[PDB]
């Protein structure tokens, strides 16, 4: 039971299981992993694929020959295992040159470098099969108010994404972009801090259809937001191009716990939503095995990500299939929510005395919503008490 297979579409970043455990107050607790070892270990755990930043696959500053060497060994591991690469991204955050940003660095020469670094990796991503190219603008933002003129920075951010869209259009690539929001860390405040801000920004790009979001559980929770609700808004907009699954224990530094950890009920409601919406993309884990763990704990934590998704999938399906739940949803008027409010139009609504003049507000108000019974059925299903 709960054994993942490639059919389940689980993916992991090289940098997840490969995290050496450096944190702001700590040196590495684990050795670097060879990407080939990661591909092989994740395949044996039942993953479907991996993702990478450029600099996870090819050490920064590699010569062209070294580059090609790293890419070849990786492609041979992918090919041997049947592991895929559904998504890739650029590291525009680790190198000190990016200390004020990539695309929105105040220094123009840095902005241009960021774009070139990204374009080089888009070409590689496409060859390896990525259908989504993620941008996490972790350095875009500020610690102080005058350091960054945010309207101007948004002009630069738009200019960068529009140039990338021109490039992929020119090349005839299939690949779409996904912006990964985060509210803070490592900048005091990060630009495009939530799913909403990223969705809004996309609508001002030249080719909006090429851009969506890559929301991460823990990032929205760093703003105290409801991650299932934000995913619902992304799905409503047609913009859930990819998703990052993990756990977060509240409003604090980005913990990147394994999926299921942190806010467990939010993980349940997320799975419920993804499955009823028919999301077809990768189930990607952007997580860190805690630095307390050795390599055996790395693979246990990765396995746990997948196991928890599968348990929650079972529980959510059982919840929605239960006749008792179907009845409680009706008792709570979830069916009525789906009826148009006024398909009859403005003039019919305005002439309808049952909508105002003759509406019995007190009788309506006295009708309980029955939400607590509904939620306790949900709790019982999650806990396997049904």
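Numbering follows the first chain given and starts at 1.
The question of which stretch, 229-237 or 169-177, has the higher mean Cα B factor is settled in favour of 169-177. When the mean C-alpha temperature factors of 276-284 and 156-164 are read from the deposited coordinates, 276-284 comes out higher.
Per the PDB entry, 366 shows the highest C-alpha temperature factor of the residues 14, 366, 369, 377. Which of 214, 248, 89, 81 has the largest Cα B-factor in the deposited entry comes down to 81. Compared with the other modelled residues of the chain, the Cα B-factor recorded for residue 187 ranks in the lowest third. For residue 29, the recorded CA B-factor ranks within the middle third of the chain. Only modelled residues enter the ranking.
The entry lists a Cα temperature factor for residue 127 that places it in the highest third of the chain's modelled residues.
Among the modelled residues of its chain, residue 40 has a C-alpha B-factor that falls in the highest third, as given in the PDB entry.
In the PDB entry, residue 76 places in the highest third of its chain by CA B-factor.
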